[PDB]
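So the protein lines, in turn, are chains A and A'. A prime marks a further copy of an entry chain.
Following the authors' numbering, the numbering of the first sequence begins with 1 at its first residue and continues without gaps.
Following the authors' numbering, the numbering of the second sequence begins with 1 at its first residue and continues without gaps.
The C-beta atom is built at its ideal place from N, Cα and C for all residues, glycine as well.
Report on one structure; see the data block that follows.
Protein chains: 2
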Amino acid sequence: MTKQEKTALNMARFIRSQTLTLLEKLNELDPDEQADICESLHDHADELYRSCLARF
Amino acid sequence: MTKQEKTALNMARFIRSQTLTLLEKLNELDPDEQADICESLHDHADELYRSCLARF
Numbered sequence: 001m002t003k004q005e006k007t008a009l010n011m012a013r014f015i016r017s018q019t020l021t022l023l024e025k026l027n028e029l030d031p032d033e034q035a036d037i038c039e040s041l042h043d044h045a046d047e048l049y050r051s052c053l054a055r056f
Numbered sequence: 001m002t003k004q005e006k007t008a009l010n011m012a013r014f015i016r017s018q019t020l021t022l023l024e025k026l027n028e029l030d031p032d033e034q035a036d037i038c039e040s041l042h043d044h045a046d047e048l049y050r051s052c053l054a055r056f
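What follows is the structure, given as C-alpha cells:
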C-alpha cells in the first residue's frame with residue numbers, strides 16, 4: 001500500500017466518522033433546534049467552500 | 001444552568017471541534033487533493049441540507 005492510498009483511506013474513514021457523529025448528535029435536538037442548526041451549518045459550509053475556491 | 005443552555009454550549013463546542021480537526025486534516029493534503037475533497041464535501045453538505053429541509 002502506497003502512502004497516497006493509505007492517506008485516501010484514512011481521510012474517507014475520518015469524513016465518514018464525523019458525519020455519523022454529527023447526525024447522531026443532531027438527532028438529540030427537537031425539530032426547531034435541528035432546523036436552526038442545519039441552516040447555520042449550511043451557511044458555514046458555503047463559506048468554507050468559497051474560501052477553498054479562493055485558495056485554489 | 002438549564003438543560004437547554006447546557007445542550008447549546010455542548011453543541012457549539014462540538015461543531016467548533018469538528019471544524020478545527022477537519023481544517024487541520026485538509027492542510028495535510030496537496031492543493032490538488034484539497035480541491036477534490038472540498039468539492040465532494042460541499043456537494044454532500046448540500047445533500048444533507050436538502051434532506052433536512054425535507055424533514056422540516
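Counting only the Cα atoms, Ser51 (chain A') lies some 12 Å from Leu23 (chain A).
Listed by position along chain A', the residues whose Cβ is nearer than 7 Å to that of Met1 (chain A) form an empty set, because the closest Cβ is around 17 Å away. The beta carbon of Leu22 (chain A') falls within 8 Å of a beta carbon belonging to chain A, placing the residue at that interface. Between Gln18 (chain A) and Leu26 (chain A) a beta carbon distance of about 12 Å is seen, past the 8 Å cut, so the two are scored as non-contacting. Residue contact check for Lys6 (chain A) against chain A': no CB pair falls below 8 Å. Taking 8 Å as the threshold, the shortest C-beta distance from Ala35 (chain A) to chain A' falls below it.
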